[PDB]
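Visitor: Let me give you the structure first, and then I'll get to my questions.
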Amino acid sequence: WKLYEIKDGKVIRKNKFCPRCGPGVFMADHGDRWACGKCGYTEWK
Amino acid sequence: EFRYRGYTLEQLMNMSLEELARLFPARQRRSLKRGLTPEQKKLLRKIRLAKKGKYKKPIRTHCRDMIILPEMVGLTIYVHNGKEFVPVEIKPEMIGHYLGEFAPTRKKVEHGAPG
Amino acid sequence: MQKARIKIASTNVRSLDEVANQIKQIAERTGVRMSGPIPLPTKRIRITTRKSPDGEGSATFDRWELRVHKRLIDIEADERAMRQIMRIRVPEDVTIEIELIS
Amino acid sequence: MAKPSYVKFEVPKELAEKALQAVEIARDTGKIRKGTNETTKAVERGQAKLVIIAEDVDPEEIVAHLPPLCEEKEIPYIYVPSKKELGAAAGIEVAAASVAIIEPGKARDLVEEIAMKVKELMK
Amino acid sequence: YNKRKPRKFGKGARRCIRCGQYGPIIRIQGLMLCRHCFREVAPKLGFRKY
RNA sequence: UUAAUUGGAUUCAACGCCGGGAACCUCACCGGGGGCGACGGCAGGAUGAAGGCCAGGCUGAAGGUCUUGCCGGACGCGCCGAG
Numbered sequence: 005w006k007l008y009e010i011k012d013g014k015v016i017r018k019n020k021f022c023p024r025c026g027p028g029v030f031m032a033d034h035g036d037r038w039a040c041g042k043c044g045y046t047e048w049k
Numbered sequence: 005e006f007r008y009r010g011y012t013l014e015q016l017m018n019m020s021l022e023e024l025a026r027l028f029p030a031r032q033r034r035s036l037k038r039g040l041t042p043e044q045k046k047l048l049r050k051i052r053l054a055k056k057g058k059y060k061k062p063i064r065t066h067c068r069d070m071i072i073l074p075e076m077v078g079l080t081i082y083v084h085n086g087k088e089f090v091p092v093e094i095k096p097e098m099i100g101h102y103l104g105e106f107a108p109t110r111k112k113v114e115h116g117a118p119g
Numbered sequence: 001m002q003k004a005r006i007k008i009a010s011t012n013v014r015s016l017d018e019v020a021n022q023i024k025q026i027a028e029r030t031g032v033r034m035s036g037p038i039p040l041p042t043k044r045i046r047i048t049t050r051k052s053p054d055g056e057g058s059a060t061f062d063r064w065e066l067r068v069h070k071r072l073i074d075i076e077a078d079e080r081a082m083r084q085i086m087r088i089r090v091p092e093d094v095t096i097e098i099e100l101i102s
Numbered sequence: 001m002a003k004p005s006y007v008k009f010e011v012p013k014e015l016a017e018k019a020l021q022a023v024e025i026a027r028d029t030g031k032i033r034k035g036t037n038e039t040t041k042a043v044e045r046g047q048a049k050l051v052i053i054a055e056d057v058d059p060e061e062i063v064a065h066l067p068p069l070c071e072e073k074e075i076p077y078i079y080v081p082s083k084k085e086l087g088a089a090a091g092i093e094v095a096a097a098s099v100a101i102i103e104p105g106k107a108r109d110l111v112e113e114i115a116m117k118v119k120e121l122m123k
Numbered sequence: 006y007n008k009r010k011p012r013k014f015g016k017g018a019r020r021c022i023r024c025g026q027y028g029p030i031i032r033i034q035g036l037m038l039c040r041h042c043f044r045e046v047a048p049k050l051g052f053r054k055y
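Sequences listed follow chains AX, AU, AM, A5 and AQ, in order.
Position in the first sequence counted from 1, then plus 4, gives you the deposited numbering.
Position in the second sequence counted from 1, then plus 4, gives you the deposited numbering.
With the deposited numbering, letter number 48 in the third sequence gets 48, and the count goes up by one each step, no holes.
With the deposited numbering, letter number 111 in the fourth sequence gets 111, and the count goes up by one each step, no holes.
Position in the fifth sequence counted from 1, then plus 5, gives you the deposited numbering.
Next up, the structure:
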């Protein structure tokens, strides 16, 4: 739940949603890349 | 100078893998034609990154069957003899041979008094 | 003309004879030409194995055998005649395979 | 005892009891997601029909994000005076900080009432 | 990691049906039996001595 | 002799014997690596994985190991009885 900040009534989320398996999957913010550790998918920033 | 089937080590460098294997005996050439193992291919990635300098680890190996090519020449690799990784340094003269040939696993047997 | 070929294979000799006799008795009752049962070669499966479960002692061997017998019955084309053969009571150890040759 | 900062309305005792009873009934004959992580995941997925939130949670950051998110997604949310009671209603020994009803089951009439009785609270 | 590697060939490929030993297995028309195991079931299979 | 050449077998009745074929497997030897230990009790739990996972380092290699952080949406660390 710590990965859900809320400001002015809207929810900001500290990480991206992985598109391969829809919502519910947070995935690593390594700074250099958006790395998905459910299957190893990586979208470099 | 070092010559292999009428070609030098640098001449051997520029030959394609198929032409290179054509210089190898039937055993090694056919082993190459049948394709290296995936573990052999990982070791090839390791040694090739070492030859480009990116891979700085003292390079070990278990693939006793990895046939030495001219591209392994000049590198120190440690082959598992069964208990530890005996080190070998690749001179140009091992082109056409398996790693396990130069990784001794059986100790010397000498003869004492019979029981 | 069309011919129906019946292969009857069984380890038990007497069951094979019984089924063959049943087919024969059906034959002339139905009044159809029925070529007599030809007994083909009997196949002999042989297996030789050492008796000793361990390795010690004299080497002795045991030879176990199966004799599987087989008879061939050729009959002519009459739907009544070849209708009366699925109704035959067939023992378990006897296997019948029926094909149709032109 | 000042109410936590995330509190936006005061729930009557009967309404909190009805919320806990709906939690029990939704456990028995429906579906309830136990824990605030799955609560937020379902509310984000929109599968929650009601959200029960504890009031005696020492770290309020756990439940600081539930009211405004629920008002954002138009999923009614209700409070309960204790997380121990919410764990008891959810049938788990650990204190259930929050519960998200996905299938009210046989709590529908209660939840439909509770939501209505929640819909009068922020007014 | 705990799965045995798939061996189609070699002594490891074939295991006795009854006792599971990796040693002598008779494969004459599909027995898959340990040589010890054969002696106690041959009469059941219909084998006779001659 | 070997880190190891795994053991049994001692004339008749041990020595193409168990091994009825050892590159892996056979395997029981040696070296190295990795995973566990049913089910109960103590404690924990879910606040989230126990299991996998990118980029690497170690690791022969194996998210095995750790840097990094995800899932995974579900109960399994450690000690005792006992497996």
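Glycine included, C-beta positions come from ideal geometry on N, C-alpha and C.
I'd like to confirm the pairing. Which residues does DSSP put opposite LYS54 (chain AQ) in its beta bridges?
Guide: In DSSP, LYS54 (chain AQ) forms a bridge with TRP64 (chain AM).
Visitor: Is there contact here, the stretch 94–108 of chain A5 with the stretch 49–61 of chain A5, by at least three beta-carbon pairs under 8 Å?
Guide: Because the criterion of three Cβ pairs below 8 Å is met, the stretch 94–108 of chain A5 and the stretch 49–61 of chain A5 touch.
Visitor: Can you list, in chain order, the residues of its chain whose CB lies under 7 Å from that of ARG46 (chain AM), leaving out five sequence neighbours each side?
Guide: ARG63 and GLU65, listed in sequence order.
Visitor: Using a Cβ cut-off of 9 Å (strictly closer), state whether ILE8 (chain AM) contacts chain AQ.
Guide: No, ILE8 (chain AM) lies away from the interface with chain AQ (no Cβ there is under 9 Å from its Cβ).
Visitor: Roughly how many whole angstroms lie between the Cα atoms of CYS22 (chain AX) and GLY41 (chain AX)?
Guide: Roughly 10 Å separates the two Cα atoms.
Visitor: Assuming contact is defined by CB atoms lying nearer than 9 Å, are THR29 (chain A5) and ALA107 (chain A5) in contact in what I supplied?
Guide: Yes.
Visitor: When we look at the beta-carbon of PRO76 (chain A5) and count the other beta-carbons within 10 Å, is it buried (16 or more) or exposed?
Guide: Buried, since its Cβ has 16 or more Cβ neighbours within 10 Å.
Visitor: Classify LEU47 (chain AU): buried if its beta carbon has 16 or more other beta carbons within 10 angstroms, exposed otherwise.
Guide: The residue in question, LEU47 (chain AU), is buried, as its Cβ has 16 or more Cβ neighbours within 10 Å.
Visitor: I need the boundaries of the alpha helix (DSSP H) containing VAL19 (chain AM), first residue and last residue.
Guide: Its alpha helix (DSSP H) spans residues 13–30.
Visitor: Do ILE101 (chain AM) and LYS3 (chain AM) come within 9 Å of each other at the CB atom, strictly closer than that value?
Guide: The answer is yes: Cβ separation under 9 Å.
Visitor: What does DSSP give as the partner residue(s) for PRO39 (chain AM) in the beta ladder?
Guide: According to DSSP, which records beta bridges pairwise, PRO39 (chain AM) is partnered with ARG71 (chain AM).
Visitor: Taking Cβ-Cβ distances below 7 Å as the criterion, which residues of the stretch 13–31 of chain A5 are in contact with chain AX?
Guide: Answer in chain order: no residues at all.
Visitor: So, are the CB atoms of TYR6 (chain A5) and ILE52 (chain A5) less than 9 Å apart?
Guide: No, they are not a contact pair.
Visitor: Answer yes or no: the CB of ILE10 (chain AX) versus the heavy atoms of the ligand COA, is any distance below 8 Å?
Guide: Ligands are entirely absent from the displayed structure, and the ligand COA is therefore not among its contents.
Visitor: Go to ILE114 (chain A5), then tell me how far its alpha helix (DSSP H) extends in each direction, as first and last residue.
Guide: Per DSSP, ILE114 (chain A5) belongs to the alpha helix (DSSP H) from 108–119.
Visitor: Pull up the CB-CB distance for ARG40 (chain AQ) and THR49 (chain AM), whole angstroms please, since I reckon it's below 8 Å.
Guide: At roughly 6 Å, the Cβ-Cβ gap stays under 8 Å, so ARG40 (chain AQ) and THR49 (chain AM) are in contact.
Visitor: Kindly indicate if chain AM contains any beta-carbon less than 9 Å away from that of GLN34 (chain AQ).
Guide: Chain AM contact via Cβ: present.
Visitor: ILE22 (chain AQ): buried (16+ other C-beta within 10 angstroms of its C-beta) or exposed?
Guide: With fewer than 16 other Cβ atoms within 10 Å, it is exposed.
Visitor: Closest to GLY15 (chain AQ) by CA distance: which of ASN7 (chain AQ), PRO29 (chain AQ) and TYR6 (chain AQ) is it?
Guide: Ranking the options by Cα distance to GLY15 (chain AQ), first place goes to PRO29 (chain AQ).
Visitor: Let me see if you follow: with CB-CB separation under 9 Å, is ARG19 (chain AQ) close to chain AM or not?
Guide: Not an interface residue.
Visitor: Answer with yes or no whether the minimum CB distance from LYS41 (chain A5) to chain AX is below 9 Å.
Guide: Yes, contact with chain AX.
Visitor: Only counting the same chain, and skipping five residues up and downstream in sequence, which positions put a Cβ closer than 8 Å to that of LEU38 (chain AQ)?
Guide: Cβ neighbours of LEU38 (chain AQ) beyond the five flanking positions: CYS21, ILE22, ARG23, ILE30, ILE31 and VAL46.
Visitor: What residues from chain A5 crowd round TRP5 (chain AX), counting only those whose CB sits closer than 7 Å?
Guide: Within 7 Å Cβ-Cβ: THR36, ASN37, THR40, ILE62 and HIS65.
Visitor: Rounded C-beta distance between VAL11 (chain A5) and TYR79 (chain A5)? I'm assuming under 8 Å.
Guide: That pair is a contact at about 5 Å.
Visitor: Tell me the rounded alpha-carbon separation between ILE94 (chain AU) and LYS50 (chain AU).
Guide: The straight-line gap from Cα to Cα measures roughly 15 Å.
Visitor: Check the Cβ of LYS54 (chain AQ) against every Cβ in chain AM and list those closer than 8 Å, keeping chain order.
Guide: Within 8 Å Cβ-Cβ: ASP62, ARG63, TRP64 and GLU65.
Visitor: In terms of residue numbering, what span does the beta strand (DSSP E) encompassing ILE16 (chain AX) cover?
Guide: Its beta strand (DSSP E) spans residues 14–17.
Visitor: So which residues on chain AX does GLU72 (chain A5) lean against when the C-beta distance must stay under 9 Å?
Guide: Per Cβ cutoff of 9 Å: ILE10, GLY13, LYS14 and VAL15.
Visitor: Classify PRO74 (chain AU) as buried or exposed, calling it buried when 16 or more other Cβ atoms lie within 10 Å of its own Cβ.
Guide: It is buried - the Cβ of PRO74 (chain AU) has at least 16 other Cβ atoms within 10 Å.
Visitor: Which residue wins for smallest C-alpha separation from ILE72 (chain AU), given the options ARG110 (chain AU), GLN44 (chain AU), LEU53 (chain AU) and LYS87 (chain AU)?
Guide: Among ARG110 (chain AU), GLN44 (chain AU), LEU53 (chain AU) and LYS87 (chain AU), the Cα nearest to that of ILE72 (chain AU) belongs to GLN44 (chain AU).
Visitor: Output, in chain order, the set of chain AX residues within a Cβ distance shorter than 8 Å of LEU69 (chain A5).
Guide: Correct list: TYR8, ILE10 and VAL15.
Visitor: Please list, in chain order, all residues of the same chain as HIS101 (chain AU) whose beta carbon is under 6 Å from its beta carbon, the five residues on each side excluded.
Guide: For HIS101 (chain AU), where only same-chain residues beyond five positions count, the Cβ hits under 6 Å are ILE72.
Visitor: Might you give, ordered along the chain, the residues of its own chain that have their beta carbon closer than 7 Å to the beta carbon of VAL90 (chain AM), omitting 5 neighbours on each side?
Guide: So the qualifying residues of the chain are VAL19 and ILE96.
Visitor: What does the Cβ neighbour count give for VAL92 (chain AU), buried or exposed, with the cut at 16 atoms within 10 Å?
Guide: Result: buried.
Visitor: Is it true that the stretch 96–110 of chain AU meets the stretch 18–33 of chain AM, where meeting means three or more beta-carbon pairs spaced less than 8 Å apart?
Guide: The stretch 96–110 of chain AU vs the stretch 18–33 of chain AM: no contact.
Visitor: Tell me the residue span of the alpha helix (DSSP H) that contains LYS46 (chain AU).
Guide: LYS46 (chain AU) -> alpha helix (DSSP H) spans 42–55.
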